[PDB]
């Protein structure tokens, strides 16, 4: 298919391109570091490397925070965008997300964490005679902290379900998703999510919809964990017996802990 990126240019060194944004269509599976090195390297050849910088963030650029003498490139991965109702060839809309908190930082506690979905509309639609298209419109939508948590859950749940039920089996992928689901040792684990968002039943009715949605994501999530656990029992090597025991122990503890919260 292809990989898309928002690309925008800042500083008077860019002449006509200053402040212009495009969506670039890259081949196959292109990763951030590759398009970034391409663009920074190209402009380094045109301007000289000392004058070229990659903006390392997707937030709207504030020119006053920029060295006026340099040429800045903002590069952001985007995916083709469909409204939730649409979710259930010709591509004019693309979206990137950026994490933010109301306290002014990109990341915060679970209860602080928002996400901004920035929707870009291109001047023309892909597929297109050139490899990039000008951005003609930009809209911003926000997800509140519980909504961010809902997505984190749904997306992990689907990943786990696929890892579990794929044929032929891939035990490595199953174990990776599953250990990271019921066994996290680096990140905090999903229990914390339930404790924050589901522990109290909100008074506000608008908030009740999200509360109920998240509750239902937890049902689906823990269900898929159990399926993951029983499935893995069949895939493991004798060497992995103690590994499996732990995963089962982790699942049971999480299951029992969530139970009171999933009923409410």
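Positions refer to the first chain, counted from 1.
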query	finding
Segment of higher mean CA temperature factor, 20-28 or 239-247	239-247
Mean Cα B-factor comparison, 230-238 or 38-46, giving the higher one as deposited	230-238
Peak C-alpha temperature factor (PDB record), options 217, 198, 52, 55	198
Largest Cα B-factor, entry values, listed residues 133, 91, 162, 142	91
CA B-factor ranking of residue 75, expressed as a third of its chain	lowest
Residue 86 by Cα B-factor - lowest, middle or highest third of the modelled chain	highest
Position of residue 166 among the chain's modelled residues by C-alpha B-factor, lowest, middle or highest third	middle
Residue 180, C-alpha B-factor rank within chain (lowest, middle or highest third)	lowest
Lowest, middle or highest third - CA B-factor, residue 189	middle
